[PDB]
Each structure stands twice: as C-alpha cells, then as structure tokens.
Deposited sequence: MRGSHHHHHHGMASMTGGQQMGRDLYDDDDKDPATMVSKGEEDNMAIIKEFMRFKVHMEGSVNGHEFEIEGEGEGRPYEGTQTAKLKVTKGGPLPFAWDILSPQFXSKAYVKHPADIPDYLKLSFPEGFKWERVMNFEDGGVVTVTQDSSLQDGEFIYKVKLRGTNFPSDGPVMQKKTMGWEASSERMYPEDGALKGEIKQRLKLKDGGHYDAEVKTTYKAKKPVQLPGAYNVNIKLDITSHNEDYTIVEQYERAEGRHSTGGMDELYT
C-alpha cells in the first residue's frame, strides 16, 4: 500500500567526472506497478558539463519496475524505510563510474540522494568528446547474493558515426530492513532522453522497465 500507483520523486546528485565537480537536481513521476517514469533534471553547479550526459542518465529508480505477481518486488517491499544501491560501470576504454545512492520515502514522495565518481575517461574518447547518442535497451540479470539483490548488465551506448561503446555494470541493491529476496530473473530496460537544451543543462528522461522470468517463462 505504501507504494501508490502514481508516485513522484526528488533527486539530488553530487558528482565528479575526471575531477570536474557538478551537482544535479531533478523531479520525476511515474507508475511504479506499470514500470514507467519520467524525470526533469537540471545542472545546478559545474555546468555546462564537459562530458556526455549519457554516463549520468542511468543514475536517476528501481521502485518503478513492473514485476510478475510470483517475483517478490524486494525494492517496493523495502518502503517506507527504502534501500541503498552501489554501482560500478567499467567502460571498454578504461573509463570507470562508481555510484552510491540512498532511496527513501518522505511526504508521500521518493527522495533519491546520489554520489557519483567518474574517472580515467580518455580526453579523446566519446565521453569527454560528447560523441554518445543514448543507450540501447538493456537486460539486467538479477540474483540474490549475501542478503542483497544484485544486477549485472552489458550496457551499450550508441556513438556518433555508428557503432557502440560498451560498459559492464554491476549493482548491489540492499533493503534497509529484511524483506523477501527474489530468485534469478531479468529486467528489460529502455531509457530515452525525451528532450534536452543545447548544452544538456536541462534534460528530460523516460524509462520503461519490466521484470521477466529467466526460468519457466512458459512460452
């Protein structure tokens, strides 16, 4: 019941990428049981960003994943206390993004606090040269480990002039209170930039995420 069928969120990110510091604030909304959400993000410090928006976009909401009835929605069940998540992204050219995130519920809205560290992107690479064009649809493979929910992704960023720039991603999602963990399953995710201004100081995103059985789908 805590998770309403229409939910808003507020997000704050403090970050560095290759030592360039910045802050982002944003608001979002969606339908947690339908797996759909939008967000409006604004660069509040360190803009215009001297790197690709796309490395930040996946850091702005796993309460909004559509789950089959027989897969426990661990992250929805974590509320009202909520959950933390930690992420590592290894990009194929040696760029690294590490993220920590706190997700809570205050005034009937989700509150997201994000800390991001991006390092070792090549000065001539597509991230620092802003040559990326959004993520391909992803499958996150989910499994329980060490009393937390883990997910692994082979994520693909489209490039200007064609082809892709890959990232291996691993995330740990941990409820602040003990709730029922699921077995192994997959989450199909598509994240779109729906609008941006010229220098990506103002960006709107849309994400659809649907959990699917990895065993006994029953086709």
property: Regions of the deposited sequence not represented in the model; result: 1-45, 106, 266-269
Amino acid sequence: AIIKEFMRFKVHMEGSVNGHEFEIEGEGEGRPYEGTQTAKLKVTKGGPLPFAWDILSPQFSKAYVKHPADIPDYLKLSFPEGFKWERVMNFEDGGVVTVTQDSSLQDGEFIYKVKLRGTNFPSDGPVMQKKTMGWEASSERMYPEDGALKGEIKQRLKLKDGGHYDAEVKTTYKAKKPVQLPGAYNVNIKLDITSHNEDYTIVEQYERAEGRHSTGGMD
From here on, numbers count along this sequence of modelled residues.
property: Greater mean Cα temperature factor according to the PDB record, 94-102 or 74-82; result: 74-82
property: Higher-scoring stretch by recorded Cα B factor average, 27-35 or 176-184; result: 176-184
property: Third assignment of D166 from its chain's C-alpha B-factors; result: middle
property: Ranked C-alpha temperature factor of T194 among modelled chain residues, by third; result: highest
property: Within-chain third of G118 by Cα B-factor, per the entry; result: lowest
property: Among modelled residues of the same chain, the CA temperature factor third for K150; result: lowest
property: Third of chain Cα B-factors occupied by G134; result: middle
